[PDB]
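Colleague: One structure, pasted below without further comment.
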Amino acid sequence: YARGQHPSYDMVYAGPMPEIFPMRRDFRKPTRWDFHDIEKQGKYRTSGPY
Amino acid sequence: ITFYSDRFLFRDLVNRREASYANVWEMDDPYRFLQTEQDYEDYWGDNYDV
Amino acid sequence: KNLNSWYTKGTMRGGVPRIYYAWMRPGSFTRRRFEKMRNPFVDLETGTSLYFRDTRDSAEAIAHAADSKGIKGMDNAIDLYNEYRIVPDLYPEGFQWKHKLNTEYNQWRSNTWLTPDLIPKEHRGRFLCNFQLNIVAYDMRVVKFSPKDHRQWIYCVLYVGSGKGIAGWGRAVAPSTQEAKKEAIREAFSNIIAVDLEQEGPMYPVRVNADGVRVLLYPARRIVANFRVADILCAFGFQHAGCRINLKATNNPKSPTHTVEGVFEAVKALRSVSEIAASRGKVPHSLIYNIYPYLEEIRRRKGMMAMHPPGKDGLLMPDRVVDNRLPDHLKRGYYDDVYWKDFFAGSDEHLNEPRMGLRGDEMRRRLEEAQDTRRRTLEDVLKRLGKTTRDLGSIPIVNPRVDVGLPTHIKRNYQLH
RNA sequence: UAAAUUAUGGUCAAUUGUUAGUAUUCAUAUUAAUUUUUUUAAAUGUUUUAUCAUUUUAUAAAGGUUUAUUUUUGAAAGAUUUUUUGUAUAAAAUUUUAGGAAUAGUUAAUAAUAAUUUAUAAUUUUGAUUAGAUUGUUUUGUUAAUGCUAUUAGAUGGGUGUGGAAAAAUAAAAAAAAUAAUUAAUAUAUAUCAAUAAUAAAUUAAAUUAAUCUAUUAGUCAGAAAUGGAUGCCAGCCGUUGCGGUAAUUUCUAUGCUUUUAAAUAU
RNA sequence: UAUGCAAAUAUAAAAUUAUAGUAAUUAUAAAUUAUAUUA
Ligand SMILES: [Mg+2]
Ligand SMILES: [Mg+2]
Ligand SMILES: [Mg+2]
Ligand SMILES: [Mg+2]
Ligand SMILES: [Mg+2]
Ligand SMILES: [Mg+2]
Ligand SMILES: [Mg+2]
Ligand SMILES: [Mg+2]
Ligand SMILES: [Mg+2]
Ligand SMILES: [Mg+2]
Ligand SMILES: [Mg+2]
């Protein structure tokens with residue numbers, strides 16, 4: 001390496017870092033804009049999903 | 001977004017083509033990717049053991 | 001040392017989703033046309049001789065002095081699935097699965113299937129996506145058909161978009177409101193543009209003018225633009241773009257039409273980075289990893305892996321002519337010891353008489369799936385007795401529906417057993 | 001006239017107005033300001049001394065200046081027994097008015113000269129002098145940005161000429177020759193030009209010392225939000241196209257209703 | 001009908017008018033408009 005004859009491994013030779021073990025299902029997290037009555041999302045109460 | 005020339009890999013190409021190894025273990029050891037101390041510090045930052 | 005963090009770059013649009021790519025653009029994903037060798041290249045025999053040029057010197061390709069036996073390097077396949085990808089993919093393969101019809105894919109994955117009138121022929125079964133419709137403006141123009149006759153025609157400007165990287169805009173002048181809406185929509189699908197999202201926003205400034213409207217599309221940390229221009233740029237799935245129309249916002253001309261046509265024109269003038277890199281005949285920094293396995297087994301080819309068998313080229317020409325075929329009676333009991341007797345039984349390809357060796361039942365099966373005077377055949381004798389074809393099984397008759405004696409039936413089938 | 005690597009290094013430039021055929025930085029936007037609010041100022045008597053005197057105590061009055069403002073240590077600092085030195089007043093740059101003409105105790109040499117020394121003098125069209133406006137060369141606002149747009153205030157001639165230096169006639173907030181005082185920063189109700197207060201502007205309570213305050217506006221055609229009732233080209237609205245001709249979602253009034261909640265409006 | 005006098009479109013410019021304080025703009029070109037002696 002010191003005389004510059006060592007075969008280079010640089011960050012240029014790296015492809016994508018793959019997802020190997022797939023995490024988990026991300027279940028839908030209830031937000032303030034998901035409500036079965038249009039009332040619970042009011043203008044006087046709810047200013048946004050969170 | 002760097003654009004390399006066509007022959008950009010030549011130096012490394014003749015370095016690889018002319019390499020030689022005492023045994024085959026030296027040929028592919030897992031750690032040939034690493035030269036400086038910065039390399040060893042990036043490769044093991046995860047295990048607080050190592 | 002780069003104080004902008006890639007961690008926080010972007011603009012929340014609230015509910016508006018946009019797509020992002022984990023690595024490359026999805027069209028570039030499945031490469032199967034080069035992998036499974038469907039290309040015109042392979043079909044034209046020409047140039048296949050070139051895999052084998054080492055044959056041009058006979059005593060050499062035996063001797064193996066030169067390490068280059070192959071087109072691109074040391075052998076014909078060193079890395080088949082890696083090397084070639086180092087060219088920027090200008091014309092990616094895209095979606096190649098034919099298991100359904102184009103219209104079935106279209107039907108399932110796209111709302112666009114429900115509105116067959118709004119789409120031109122070239123795009124008809126071609127879309128897998130859902131499109132949003134945004135109506136920018138309605139307006140009224142007077143249309144004079146004659147010096148007395150006057151009609152009120154209306155005028156639509158809208159843009160179709162899907163945040164998955166595809167949008168388009170249209171405008172039209174028609175008699176009714178609904179009419180101009182539909183017209184504008186098919187005019188917008190005629191003009192559809194797409195954007196390469198590998199880069200997620202323009203990497204250089206685009207300075208371009210629509211008619212009288214000077215537009216600047218430049219790289220930004222997030223999306224910054226007029227509300228309308230902004231969700232137009234969101235319709236393409238741009239995270240990092242930012243864009244400005246006409247210097248000062250008060251500058252003439254300014255119409256809703258102008259605002260739309262401007263940003264669409266600008267985006268239509270944008271060049272992808274890969275395209276730029278190929279344009280100069282150069283290798284992009286992003287695509288170099290593909291060369292790695294190649295470069296790897298250059299390094300690793302020393303020693304035995306570089307060695308070829310002395311004397312042997314791998315090309316073995318035919319010399320003699322070999323035929324092992326046999327007359328049927330010879331192969332009737334040929335494989336009895338290796339396998340069971342009657343080895344070739346119902347085999348149509350491997351026998352000149354497909355029905356020989358068969359026991360009566362299996363012979364009857366074939367006709368069974370297959371299906372003039374006052375005489376009774378044995379067929380209707382069975383129908384009036386109600387025995388079908390199965391009950392006769394110890395009797396030499398196979399075809400019940402022929403008019404012939406039992407002895408005839410015996411002699412016709414005799415060679416079979 | 002060749003590429004380069006021992007690989008992201010030398011530390012963030014990044015632009016958001018709903019328009020009305022077209023050409024041209026020009027109405028309605030944000031930020032910054034004036035409109036707009038008494039949480040930072042303040043009262044008269046300076047003071048020693050050897051006595052009618054003599055020592056100490058040096059740039060906020062006005063006037064309007066654009067080739068313009070420049071200086072010492074001999075005072076004090078300041079230390080030895082007495083004579084102690086030299087360096088300074090000068091210049092160079094940057095200088096405004098839409099449409100432009102002459103200015104003048106006057107230049108240079110002589111010299112401690114000349115209200116009448118000598119000379120073919122000096123300033124000006126490369127913009128003078130008068131005259132208007134104006135407090136000059138680290139200070140602001142806007143902006144991604146060469147820009148555009150601010151910056152106060154303070155040196156106004158001489159005439160017994162003191163003093164180191166004229167800066168010398170109310171208007172401090174500079175301890176002024178014995179330690180006045182430091183347990184002080186609080187100053188009541190005045191001013192000048194500054195100094196951005198609607199400080200969780202609305203539900204669980206203030207690890208206080210409970211002291212100041214009782215606090216509201218807009219719109220309602222286009223573009224979030226409408227109905228009655230009047231009115232009838234009138235009265236009136238008007239950021240803007242424009243509205244008002246008995247049915248006005250654009251005027252007035254009543255009631256509701258709308259707002260993304262430090263206000264509308266004007267400059 | 002070029003012996004006196006006489007600079008002057010051939011473009012160096014910042015929205016129209018207006019002697020450079022007046023009004024709020026102005027200017028602009030191809031849609032549309034029935035009779036011109038063709039076998
Ligand atoms: Mg090298
Ligand atoms: Mg305008
Ligand atoms: Mg003064
Ligand atoms: Mg003056
Ligand atoms: Mg000067
Ligand atoms: Mg001077
Ligand atoms: Mg005097
Ligand atoms: Mg509305
Ligand atoms: Mg009103
Ligand atoms: Mg009435
Ligand atoms: Mg009404």
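Please note that chains go A, B, ... in the order of the structure tokens, that every chain numbers its residues from 1, and that ligands are numbered from 1 in the order shown.
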Please check the contacts: residues of chain A at most 8 Å away from chain B, using only C-alpha atoms, listed as a list in words.
Modeller: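 That gives the following set of residues: residues 1, 5, 6, 7, 8 and 9 of chain A.
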Colleague: Please find the residues contacting ligand 6 at a distance of at most 9 Å between atoms, with only C-alpha atoms (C1' of nucleotides) and all ligand atoms counted, and report them as a list in words.
Modeller: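 Listing the residues within 9 Å of ligand 6 gives residues 68, 69, 70, 90 and 91 of chain D.
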Colleague: Write the residues you've just listed into a file as a PDB file, in the first residue's frame, and include N, CA, C and O atoms (P, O5', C5', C4', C3', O3' and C1' of nucleotides) for each of them.
Modeller:
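Saved the output as again29.pdb:
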```
ATOM      1  P     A D  68     -10.034  69.269   0.623  1.00  0.00           P
ATOM      2  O5'   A D  68     -11.251  69.855   1.469  1.00  0.00           O
ATOM      3  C5'   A D  68     -11.293  71.231   1.834  1.00  0.00           C
ATOM      4  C4'   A D  68     -12.212  71.493   3.010  1.00  0.00           C
ATOM      5  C3'   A D  68     -11.984  70.648   4.254  1.00  0.00           C
ATOM      6  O3'   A D  68     -10.935  71.178   5.050  1.00  0.00           O
ATOM      7  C1'   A D  68     -14.311  70.780   3.771  1.00  0.00           C
ATOM      8  P     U D  69      -9.808  70.221   5.665  1.00  0.00           P
ATOM      9  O5'   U D  69     -10.099  70.269   7.229  1.00  0.00           O
ATOM     10  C5'   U D  69      -9.136  69.797   8.160  1.00  0.00           C
ATOM     11  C4'   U D  69      -9.770  69.056   9.312  1.00  0.00           C
ATOM     12  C3'   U D  69     -10.801  67.996   8.937  1.00  0.00           C
ATOM     13  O3'   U D  69     -10.638  66.851   9.768  1.00  0.00           O
ATOM     14  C1'   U D  69     -11.783  69.600  10.394  1.00  0.00           C
ATOM     15  P     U D  70      -9.378  65.882   9.524  1.00  0.00           P
ATOM     16  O5'   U D  70      -8.190  66.635  10.284  1.00  0.00           O
ATOM     17  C5'   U D  70      -6.924  66.028  10.500  1.00  0.00           C
ATOM     18  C4'   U D  70      -5.804  67.035  10.381  1.00  0.00           C
ATOM     19  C3'   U D  70      -5.055  67.372  11.654  1.00  0.00           C
ATOM     20  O3'   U D  70      -4.086  66.390  11.962  1.00  0.00           O
ATOM     21  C1'   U D  70      -5.458  69.340  10.365  1.00  0.00           C
ATOM     22  P     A D  90      -1.900  71.547   8.885  1.00  0.00           P
ATOM     23  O5'   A D  90      -0.871  71.181   7.728  1.00  0.00           O
ATOM     24  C5'   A D  90      -0.156  72.188   7.027  1.00  0.00           C
ATOM     25  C4'   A D  90       0.788  71.557   6.045  1.00  0.00           C
ATOM     26  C3'   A D  90       0.118  70.761   4.949  1.00  0.00           C
ATOM     27  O3'   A D  90      -0.388  71.567   3.907  1.00  0.00           O
ATOM     28  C1'   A D  90       1.797  69.449   5.893  1.00  0.00           C
ATOM     29  P     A D  91      -1.934  71.464   3.500  1.00  0.00           P
ATOM     30  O5'   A D  91      -2.110  69.926   3.156  1.00  0.00           O
ATOM     31  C5'   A D  91      -2.319  69.519   1.822  1.00  0.00           C
ATOM     32  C4'   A D  91      -1.430  68.371   1.432  1.00  0.00           C
ATOM     33  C3'   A D  91      -2.132  67.279   0.671  1.00  0.00           C
ATOM     34  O3'   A D  91      -2.384  67.633  -0.669  1.00  0.00           O
ATOM     35  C1'   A D  91      -0.761  66.304   2.307  1.00  0.00           C
TER      36        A D  91
END
```
Colleague: Residues within 8 Å of ligand 4, counting only C-alpha atoms (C1' of nucleotides) and all ligand atoms: report them as a list in words.
Modeller: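 Final answer, ordered by chain and number: residues 64, 65, 131 and 132 of chain D.
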Colleague: Write out as a ChimeraX atom specification each polymer residue (protein, DNA or RNA) that has an atom no more than 9 Å from ligand 7, with only C-alpha atoms (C1' of nucleotides) and all ligand atoms counted.
Modeller: /D:157-159
Colleague: Any idea which chain D residues end up within 12 Å of chain A if we count only C-alpha atoms (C1' of nucleotides), as number ranges by chain please?
Modeller: D: 5-8, 258-260
Colleague: Pull out every residue of chain C that has at least one atom within 12 Å of chain E, counting only C-alpha atoms (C1' of nucleotides), and report them as a JSON list (two decimals) with N, CA and C atoms, in the first residue's frame.
Modeller:
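In the end it all went to result39.json:
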```json
[["chain", "number", "residue", "atom", "x", "y", "z"],
["C", 142, "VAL", "N", -66.24, 33.73, -26.58],
["C", 142, "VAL", "CA", -67.27, 33.82, -27.60],
["C", 142, "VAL", "C", -66.74, 33.29, -28.92],
["C", 143, "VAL", "N", -67.51, 32.41, -29.56],
["C", 143, "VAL", "CA", -67.10, 31.83, -30.83],
["C", 143, "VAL", "C", -68.10, 32.21, -31.92],
["C", 144, "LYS", "N", -67.66, 33.00, -32.89],
["C", 144, "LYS", "CA", -68.58, 33.47, -33.92],
["C", 144, "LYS", "C", -68.59, 32.54, -35.13],
["C", 145, "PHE", "N", -69.69, 31.81, -35.31],
["C", 145, "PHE", "CA", -69.84, 30.93, -36.47],
["C", 145, "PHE", "C", -70.32, 31.68, -37.71],
["C", 146, "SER", "N", -70.99, 32.81, -37.50],
["C", 146, "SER", "CA", -71.45, 33.65, -38.61],
["C", 146, "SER", "C", -71.74, 35.05, -38.08],
["C", 147, "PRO", "N", -72.09, 36.00, -38.96],
["C", 147, "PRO", "CA", -72.40, 37.35, -38.46],
["C", 147, "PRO", "C", -73.64, 37.45, -37.57],
["C", 148, "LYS", "N", -74.49, 36.43, -37.58],
["C", 148, "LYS", "CA", -75.62, 36.39, -36.65],
["C", 148, "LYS", "C", -75.32, 35.40, -35.53],
["C", 149, "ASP", "N", -75.09, 34.14, -35.92],
["C", 149, "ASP", "CA", -74.80, 33.04, -34.99],
["C", 149, "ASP", "C", -73.60, 33.29, -34.05],
["C", 150, "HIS", "N", -73.84, 33.18, -32.75],
["C", 150, "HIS", "CA", -72.79, 33.30, -31.75],
["C", 150, "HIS", "C", -72.90, 32.18, -30.73],
["C", 251, "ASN", "N", -44.68, 40.22, -12.38],
["C", 251, "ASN", "CA", -44.25, 40.41, -13.77],
["C", 251, "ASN", "C", -45.22, 39.80, -14.77],
["C", 252, "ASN", "N", -45.52, 40.56, -15.82],
["C", 252, "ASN", "CA", -46.36, 40.08, -16.91],
["C", 252, "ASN", "C", -45.59, 39.15, -17.84]]
```
Colleague: Taking only C-alpha atoms (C1' of nucleotides) and all ligand atoms into account, which residues are within 10 Å of ligand 5, as a list in words?
Modeller: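 Checked against 10 Å with only C-alpha atoms (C1' of nucleotides) and all ligand atoms; the hits are residues 67, 68, 91, 92, 93, 94 and 95 of chain D.
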Colleague: Between D:228, D:74, D:244, D:161, which one has atoms that come closest to ligand 11, using only C-alpha atoms (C1' of nucleotides) and all ligand atoms?
Modeller: D:228
Colleague: Given a cut-off of 6 Å, which residues of chain B touch chain C, counting only C-alpha atoms, written out as a PyMOL selection string?
Modeller: chain B and resi 2-6+16-17
Colleague: If you count only C-alpha atoms (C1' of nucleotides) and all ligand atoms, which residues end up within 9 Å of ligand 10, as a VMD selection string?
Modeller: chain D and resid 230 to 232 246 to 247
Colleague: Would you export the selected residues with N, CA, C and O atoms (P, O5', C5', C4', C3', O3' and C1' of nucleotides) as a PDB file, in the first residue's frame, please?
Modeller:
```pdb
ATOM      1  P     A D 230     -89.121  45.756   2.323  1.00  0.00           P
ATOM      2  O5'   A D 230     -89.288  47.338   2.396  1.00  0.00           O
ATOM      3  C5'   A D 230     -88.461  48.185   1.618  1.00  0.00           C
ATOM      4  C4'   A D 230     -87.437  48.908   2.461  1.00  0.00           C
ATOM      5  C3'   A D 230     -86.574  49.904   1.707  1.00  0.00           C
ATOM      6  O3'   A D 230     -87.227  51.143   1.497  1.00  0.00           O
ATOM      7  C1'   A D 230     -85.183  48.530   3.016  1.00  0.00           C
ATOM      8  P     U D 231     -87.877  51.466   0.062  1.00  0.00           P
ATOM      9  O5'   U D 231     -86.699  52.185  -0.730  1.00  0.00           O
ATOM     10  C5'   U D 231     -85.764  53.016  -0.055  1.00  0.00           C
ATOM     11  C4'   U D 231     -84.443  53.033  -0.775  1.00  0.00           C
ATOM     12  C3'   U D 231     -84.517  53.055  -2.293  1.00  0.00           C
ATOM     13  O3'   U D 231     -84.743  54.362  -2.801  1.00  0.00           O
ATOM     14  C1'   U D 231     -82.885  51.483  -1.573  1.00  0.00           C
ATOM     15  P     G D 232     -86.024  54.681  -3.722  1.00  0.00           P
ATOM     16  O5'   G D 232     -85.483  54.500  -5.210  1.00  0.00           O
ATOM     17  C5'   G D 232     -84.312  55.181  -5.649  1.00  0.00           C
ATOM     18  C4'   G D 232     -83.475  54.328  -6.572  1.00  0.00           C
ATOM     19  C3'   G D 232     -84.031  54.142  -7.985  1.00  0.00           C
ATOM     20  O3'   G D 232     -82.956  54.089  -8.923  1.00  0.00           O
ATOM     21  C1'   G D 232     -83.813  52.031  -6.927  1.00  0.00           C
ATOM     22  P     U D 246     -85.108  47.207 -12.042  1.00  0.00           P
ATOM     23  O5'   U D 246     -86.547  47.847 -11.790  1.00  0.00           O
ATOM     24  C5'   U D 246     -87.669  47.028 -11.472  1.00  0.00           C
ATOM     25  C4'   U D 246     -87.395  46.168 -10.260  1.00  0.00           C
ATOM     26  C3'   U D 246     -88.608  45.457  -9.684  1.00  0.00           C
ATOM     27  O3'   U D 246     -88.228  44.157  -9.240  1.00  0.00           O
ATOM     28  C1'   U D 246     -87.759  47.084  -8.114  1.00  0.00           C
ATOM     29  P     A D 247     -87.975  43.016 -10.348  1.00  0.00           P
ATOM     30  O5'   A D 247     -86.412  43.119 -10.667  1.00  0.00           O
ATOM     31  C5'   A D 247     -85.477  42.171 -10.153  1.00  0.00           C
ATOM     32  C4'   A D 247     -85.252  42.359  -8.670  1.00  0.00           C
ATOM     33  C3'   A D 247     -83.909  41.864  -8.130  1.00  0.00           C
ATOM     34  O3'   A D 247     -83.538  42.659  -7.005  1.00  0.00           O
ATOM     35  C1'   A D 247     -85.652  40.710  -7.049  1.00  0.00           C
TER      36        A D 247
END
```
Colleague: Just asking: which residues within segment 95-212 of chain C are helix (DSSP H, G or I) according to DSSP, as a ChimeraX atom specification?
Modeller: /C:102-109,111-114,116-118,121-123,177-190
Colleague: Let me see the file: selected residues, N, CA and C atoms, as a short mmCIF file (atom, residue, chain, number, x, y, z; two decimals), in the first residue's frame.
Modeller:
```
data_model
loop_
_atom_site.label_atom_id
_atom_site.label_comp_id
_atom_site.auth_asym_id
_atom_site.auth_seq_id
_atom_site.Cartn_x
_atom_site.Cartn_y
_atom_site.Cartn_z
N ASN C 102 -52.09 -6.71 -21.64
CA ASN C 102 -51.85 -5.32 -21.27
C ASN C 102 -53.10 -4.70 -20.67
N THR C 103 -54.26 -5.11 -21.16
CA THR C 103 -55.50 -4.52 -20.69
C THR C 103 -55.90 -5.04 -19.31
N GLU C 104 -55.40 -6.22 -18.92
CA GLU C 104 -55.68 -6.76 -17.59
C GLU C 104 -54.78 -6.14 -16.52
N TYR C 105 -53.51 -5.93 -16.86
CA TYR C 105 -52.61 -5.18 -16.00
C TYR C 105 -53.16 -3.78 -15.81
N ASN C 106 -53.52 -3.15 -16.93
CA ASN C 106 -54.07 -1.81 -16.91
C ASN C 106 -55.31 -1.77 -16.05
N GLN C 107 -56.19 -2.74 -16.24
CA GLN C 107 -57.44 -2.79 -15.50
C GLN C 107 -57.21 -2.86 -14.01
N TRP C 108 -56.37 -3.79 -13.58
CA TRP C 108 -56.16 -3.97 -12.16
C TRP C 108 -55.44 -2.80 -11.49
N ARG C 109 -54.33 -2.35 -12.06
CA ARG C 109 -53.49 -1.38 -11.35
C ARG C 109 -53.81 0.08 -11.61
N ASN C 111 -56.71 3.41 -12.43
CA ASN C 111 -58.06 3.93 -12.51
C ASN C 111 -58.36 4.32 -13.94
N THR C 112 -57.29 4.47 -14.70
CA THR C 112 -57.34 4.99 -16.05
C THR C 112 -58.12 4.06 -16.98
N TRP C 113 -58.30 2.83 -16.53
CA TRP C 113 -59.02 1.82 -17.27
C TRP C 113 -60.51 2.13 -17.32
N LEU C 114 -60.97 2.90 -16.34
CA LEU C 114 -62.39 3.18 -16.23
C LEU C 114 -62.85 4.29 -17.17
N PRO C 116 -62.10 5.06 -20.77
CA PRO C 116 -61.43 4.70 -22.02
C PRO C 116 -61.45 5.81 -23.06
N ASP C 117 -62.40 6.74 -22.92
CA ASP C 117 -62.54 7.82 -23.89
C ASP C 117 -61.50 8.92 -23.70
N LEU C 118 -61.01 9.05 -22.48
CA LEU C 118 -60.11 10.14 -22.14
C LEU C 118 -58.67 9.86 -22.50
N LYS C 121 -54.81 6.44 -28.19
CA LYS C 121 -54.52 5.06 -28.53
C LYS C 121 -53.14 4.62 -28.09
N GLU C 122 -52.14 5.49 -28.18
CA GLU C 122 -50.77 5.06 -27.89
C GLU C 122 -50.57 4.73 -26.42
N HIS C 123 -51.38 5.34 -25.57
CA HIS C 123 -51.29 5.09 -24.14
C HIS C 123 -52.36 4.12 -23.59
N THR C 177 -69.07 22.64 -20.73
CA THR C 177 -68.07 22.54 -19.69
C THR C 177 -67.49 21.13 -19.63
N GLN C 178 -68.37 20.14 -19.57
CA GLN C 178 -67.93 18.76 -19.50
C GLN C 178 -67.08 18.41 -20.71
N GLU C 179 -67.50 18.92 -21.86
CA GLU C 179 -66.78 18.63 -23.09
C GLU C 179 -65.34 19.11 -23.05
N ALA C 180 -65.16 20.38 -22.68
CA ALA C 180 -63.84 20.96 -22.58
C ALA C 180 -63.01 20.25 -21.52
N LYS C 181 -63.65 19.79 -20.45
CA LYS C 181 -62.92 19.04 -19.45
C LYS C 181 -62.35 17.75 -20.05
N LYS C 182 -63.19 16.95 -20.70
CA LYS C 182 -62.74 15.69 -21.29
C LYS C 182 -61.69 15.91 -22.38
N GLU C 183 -61.90 16.92 -23.21
CA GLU C 183 -60.94 17.28 -24.25
C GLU C 183 -59.59 17.65 -23.69
N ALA C 184 -59.60 18.50 -22.68
CA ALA C 184 -58.38 18.89 -22.02
C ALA C 184 -57.69 17.68 -21.45
N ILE C 185 -58.46 16.73 -20.92
CA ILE C 185 -57.84 15.55 -20.33
C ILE C 185 -57.15 14.68 -21.37
N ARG C 186 -57.78 14.47 -22.52
CA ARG C 186 -57.10 13.62 -23.50
C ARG C 186 -55.96 14.38 -24.18
N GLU C 187 -56.05 15.71 -24.19
CA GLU C 187 -54.94 16.52 -24.66
C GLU C 187 -53.77 16.46 -23.67
N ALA C 188 -54.08 16.25 -22.39
CA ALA C 188 -53.07 16.14 -21.36
C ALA C 188 -52.42 14.77 -21.34
N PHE C 189 -53.18 13.74 -21.70
CA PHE C 189 -52.59 12.41 -21.80
C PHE C 189 -51.80 12.26 -23.09
N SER C 190 -52.13 13.05 -24.10
CA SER C 190 -51.32 13.07 -25.31
C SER C 190 -49.92 13.65 -25.05
#
```
Colleague: Give as a list in words the residues surrounding ligand 9 up to a distance of 10 Å, considering only C-alpha atoms (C1' of nucleotides) and all ligand atoms.
Modeller: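 With only C-alpha atoms (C1' of nucleotides) and all ligand atoms and a cut-off of 10 Å, ligand 9 is contacted by residues 219, 236, 237, 238, 250, 251 and 252 of chain D.
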Colleague: Would you mind exporting N, CA and C atoms (P, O5', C5', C4', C3', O3' and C1' of nucleotides) of the selected residues as a PDB file, in the first residue's frame?
Modeller:
```
ATOM      1  P     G D 219     -63.604  45.179   7.240  1.00  0.00           P
ATOM      2  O5'   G D 219     -63.525  44.416   5.847  1.00  0.00           O
ATOM      3  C5'   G D 219     -64.640  43.696   5.361  1.00  0.00           C
ATOM      4  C4'   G D 219     -64.356  42.221   5.252  1.00  0.00           C
ATOM      5  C3'   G D 219     -65.478  41.412   4.633  1.00  0.00           C
ATOM      6  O3'   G D 219     -65.445  41.467   3.217  1.00  0.00           O
ATOM      7  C1'   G D 219     -64.718  40.341   6.606  1.00  0.00           C
ATOM      8  P     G D 236     -74.396  59.853   0.235  1.00  0.00           P
ATOM      9  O5'   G D 236     -73.699  58.555  -0.373  1.00  0.00           O
ATOM     10  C5'   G D 236     -72.695  57.858   0.348  1.00  0.00           C
ATOM     11  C4'   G D 236     -72.904  56.366   0.290  1.00  0.00           C
ATOM     12  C3'   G D 236     -71.697  55.541  -0.117  1.00  0.00           C
ATOM     13  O3'   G D 236     -70.754  55.367   0.920  1.00  0.00           O
ATOM     14  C1'   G D 236     -73.571  54.794  -1.318  1.00  0.00           C
ATOM     15  P     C D 237     -69.190  55.513   0.588  1.00  0.00           P
ATOM     16  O5'   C D 237     -68.794  54.077   0.032  1.00  0.00           O
ATOM     17  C5'   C D 237     -68.929  52.938   0.861  1.00  0.00           C
ATOM     18  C4'   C D 237     -68.916  51.663   0.064  1.00  0.00           C
ATOM     19  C3'   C D 237     -67.592  51.271  -0.563  1.00  0.00           C
ATOM     20  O3'   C D 237     -66.714  50.664   0.366  1.00  0.00           O
ATOM     21  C1'   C D 237     -69.361  50.931  -2.109  1.00  0.00           C
ATOM     22  P     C D 238     -65.173  51.103   0.432  1.00  0.00           P
ATOM     23  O5'   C D 238     -64.651  50.963  -1.073  1.00  0.00           O
ATOM     24  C5'   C D 238     -64.229  49.715  -1.616  1.00  0.00           C
ATOM     25  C4'   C D 238     -63.669  49.897  -3.006  1.00  0.00           C
ATOM     26  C3'   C D 238     -62.482  50.849  -3.113  1.00  0.00           C
ATOM     27  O3'   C D 238     -61.234  50.192  -2.892  1.00  0.00           O
ATOM     28  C1'   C D 238     -64.125  51.387  -4.766  1.00  0.00           C
ATOM     29  P     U D 250     -74.980  41.827  -2.770  1.00  0.00           P
ATOM     30  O5'   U D 250     -73.741  42.471  -2.008  1.00  0.00           O
ATOM     31  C5'   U D 250     -72.416  42.097  -2.352  1.00  0.00           C
ATOM     32  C4'   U D 250     -71.508  43.292  -2.421  1.00  0.00           C
ATOM     33  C3'   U D 250     -72.214  44.633  -2.616  1.00  0.00           C
ATOM     34  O3'   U D 250     -71.481  45.652  -1.937  1.00  0.00           O
ATOM     35  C1'   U D 250     -70.737  44.251  -4.415  1.00  0.00           C
ATOM     36  P     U D 251     -71.649  45.873  -0.353  1.00  0.00           P
ATOM     37  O5'   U D 251     -72.358  47.293  -0.247  1.00  0.00           O
ATOM     38  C5'   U D 251     -71.694  48.470  -0.684  1.00  0.00           C
ATOM     39  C4'   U D 251     -72.619  49.657  -0.643  1.00  0.00           C
ATOM     40  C3'   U D 251     -73.348  49.863   0.681  1.00  0.00           C
ATOM     41  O3'   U D 251     -72.578  50.618   1.608  1.00  0.00           O
ATOM     42  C1'   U D 251     -74.907  49.914  -1.109  1.00  0.00           C
ATOM     43  P     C D 252     -72.236  50.031   3.069  1.00  0.00           P
ATOM     44  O5'   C D 252     -73.564  50.316   3.900  1.00  0.00           O
ATOM     45  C5'   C D 252     -74.002  51.646   4.139  1.00  0.00           C
ATOM     46  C4'   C D 252     -75.441  51.690   4.587  1.00  0.00           C
ATOM     47  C3'   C D 252     -75.812  50.814   5.776  1.00  0.00           C
ATOM     48  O3'   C D 252     -75.440  51.376   7.030  1.00  0.00           O
ATOM     49  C1'   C D 252     -77.425  50.556   4.074  1.00  0.00           C
TER      50        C D 252
END
```
Colleague: What separation in Å, quoted to one decimal, exists between atom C1' of residue 76 of chain D and atom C1' of residue 177 of chain D?
Modeller: 12.0 Å
Colleague: How would you write, as a list in words, the set of residues no farther than 10 Å from ligand 2 when counting only C-alpha atoms (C1' of nucleotides) and all ligand atoms?
Modeller: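 Counting only C-alpha atoms (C1' of nucleotides) and all ligand atoms, the residues within 10 Å of ligand 2 come out as residues 249, 250, 251, 252, 253 and 254 of chain C; 19, 26 and 27 of chain D; 15 of chain E.
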Colleague: Quote the spacing between atom CA of residue 152 of chain C and atom CA of residue 174 of chain C in Å to one decimal place.
Modeller: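 Interatomic distance here is 9.0 Å.
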